[PDB]
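Asks: these chains are from a complex, not moved at all, and more is on the way:
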Amino acid sequence: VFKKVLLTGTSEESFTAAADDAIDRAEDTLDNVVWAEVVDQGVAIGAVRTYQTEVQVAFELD
């Protein structure tokens, strides 16, 4: 059985690095992370631009 968590990664560099920010957090706290699907992307526009990529990160349960 796989389960997915819905995470939004951030980066001041690019949408790819914001996806990796989420995946790095998932791998810090979960075992058997196996893939991620991008569900939304956006940019927070303040003092700097922060690219955000929301991913469903799938991991295998057990």
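Replies: Received the coordinates, thanks. Numbers count the residues shown, from 1 in each chain, chains lettered A, B, ... in the order given.
Asks: Nearest the geometric middle of chain A, what residue?
Replies: In chain A, the residue lying closest to the centroid (Cα atoms, centre = their mean) is residue A:22, at 2.8 Å.
Asks: Please settle this for me: is that residue part of a helix?
Replies: Yes: the assignment for residue A:22 (DSSP: H, G, I helix; E, B strand; the rest coil) places it in a helix.
Asks: What residues does the residue lying closest to it once chain neighbours are set aside make contact with?
Replies: What sits nearest to residue A:22 in space, not counting adjacent residues and going by Cβ to Cβ, 6 or more residues apart in numbering, is residue A:9, at 3.1 Å. In this view, the C-beta of every residue, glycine as well, is placed from N, C-alpha and C. Applying Cβ atoms under 8 Å, 6 or more residues apart in numbering, we find residue A:9 in contact with A:17-25, A:52-55.
Asks: Restricted to buried residues, select these in PyMOL.
Replies: This is the PyMOL syntax for the buried subset of these, where burial follows 16 or more other Cβ atoms under 10 Å:
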select buried, chain A and resi 18+19+20+21+22+23+52+53+54+55
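Asks: want to try TSV for the contacts of residue A:9, with distance to residue A:33 as columns?
Replies: As requested, the contacts of residue A:9 are exported to TSV (distance: Cβ to Cβ, whole Å):
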residue	distance to residue A:33
A:17	17
A:18	17
A:19	13
A:20	12
A:21	14
A:22	10
A:23	7
A:24	10
A:25	10
A:52	20
A:53	16
A:54	16
A:55	11
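Asks: Show me which of the contacts of residue A:9 is closest to residue A:2.
Replies: Nearest to residue A:2 among the contacts of residue A:9, counting by Cβ to Cβ, is residue A:55 at 14.0 Å.
Asks: add one more, call it chain B:
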Amino acid sequence: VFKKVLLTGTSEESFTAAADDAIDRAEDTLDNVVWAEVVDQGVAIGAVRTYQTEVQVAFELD
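Replies: Placing chain B onto the earlier chains gives this:
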């Protein structure tokens, strides 16, 4: 990194109060709740009407 939980709040008064029911539960159990996005709304029709609002409630991890 933000994470979202998918909660359905209920109310016998209105869709806004059913969104707040979910958010109040998230704030009981999670720190750093920052926003909610409505994903579905419906009404359970029994002895009384129960308005339901499903929200993805985002909180900042750490």
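Asks: The contacts of residue A:9 with chain B there, same question as before?
Replies: Shown in contact with residue A:9 (Cβ atoms under 8 Å, 6 or more residues apart in numbering or on different chains): A:17-25, A:52-55, B:1.
Asks: How about the residues of chain A by chain B?
Replies: Residues of chain A lying near chain B by Cβ under 8 Å from any Cβ of the partner chain: A:5-10, A:21-22, A:25.
Asks: Between those residues, which sits nearest residue A:43?
Replies: Nearest member of the residues of chain A next to chain B to residue A:43, counting by Cβ to Cβ, is residue A:10, at 10.0 Å.
Asks: and that closest one, what does it touch?
Replies: A:18, A:21, A:44, A:50-52, B:1.
Asks: Next up, phi/psi of it, please.
Replies: Main-chain dihedrals, residue A:10, degrees, to the nearest 10: phi -130, psi 160.
Asks: which among the residues of chain A next to chain B gets closest to residue A:37?
Replies: Nearest to residue A:37 among the residues of chain A next to chain B: residue A:6, at 10.1 Å, using Cβ to Cβ.
Asks: Give the burial count for that closest one, as a bare number.
Replies: 18 (other Cβ atoms under 10 Å in any protein chain shown).
Asks: pretty sure it is touching residue B:2, no?
Replies: No: using Cβ atoms under 8 Å, residue A:6 is not in contact with residue B:2; the gap is 9.0 Å.
Asks: From residue B:56, how far off is residue A:4?
Replies: For residue A:4, the distance to residue B:56 (Cβ to Cβ, to the nearest Å) stands at 13 Å.
Asks: Just grab the bridge partners of residue A:49 for me.
Replies: Residue A:49 has these beta-bridge partners by DSSP bridges: residue A:45.
Asks: what about it, distance to chain B?
Replies: Look at residue A:49 and chain B: by Cβ to the nearest Cβ, to the nearest Å, they are 17 Å apart.
Asks: attach chain C to the model above:
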Amino acid sequence: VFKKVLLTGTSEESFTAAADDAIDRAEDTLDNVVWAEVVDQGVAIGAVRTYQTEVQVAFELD
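Replies: One more chain to add, chain C, which I have set with the ones above:
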């Protein structure tokens, strides 16, 4: 077996009351109404504002 009818309720007060307007019409004419799912919401803007909530109203056949 359940069947759904696609109704748009109206109210000059709120989206929740326009959902209830549709459900009240369904319960006038159908037996065994059991739930409603909101599919669209809008506002007709004329002499007054009329909030509209479109619902699929499910009822059990028999």
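Asks: With chain C now part of the structure, what is the answer for the contacts of residue A:9?
Replies: Counting by Cβ under 8 Å, 6+ apart, residue A:9 touches A:17-25, A:52-55, B:1.
Asks: Residue A:53 too?
Replies: Going by Cβ under 8 Å, 6+ apart, residue A:53 touches A:8-9, A:15-16, A:18-19, A:21-22, A:38, A:40-41.
Asks: secondary structure class for it?
Replies: Classified using three-state DSSP, residue A:53 is strand.
Asks: Likewise for the one 5 residues further on?
Replies: State at residue A:58, reduced to three classes by three-state DSSP: strand.
Asks: Is it bridged to anything, and to what?
Replies: residue A:4, residue A:35.
Asks: my read: it touches residue A:6, true?
Replies: No: counting by Cβ under 8 Å, residue A:58 does not reach residue A:6; the two are 11.1 Å apart.
Asks: what residues are shared contacts of those two?
Replies: Counting by Cβ under 8 Å, 6+ apart, no residue touches both residue A:58 and residue A:6.
Asks: Test my guess that residue A:15 contacts residue A:51.
Replies: Yes: assessed by Cβ under 8 Å, residue A:15 is found in contact with residue A:51 at 5.1 Å.
Asks: Mind listing the shared neighbours of these two?
Replies: residue A:41.
Asks: Give me the more crowded residue out of those two.
Replies: In this view residue A:15 and residue A:51 are compared by other Cβ under 10 Å, and residue A:51 has more residues nearby, 20 against 16.
Asks: Identify the residues contacting the more buried one.
Replies: A:10-15, A:17-18, A:41, A:43.
Asks: and the two most separated of these?
Replies: So for the contacts of residue A:51, where distance means Cβ to Cβ, the most widely separated pair is A:12 and A:41, at 14.4 Å.
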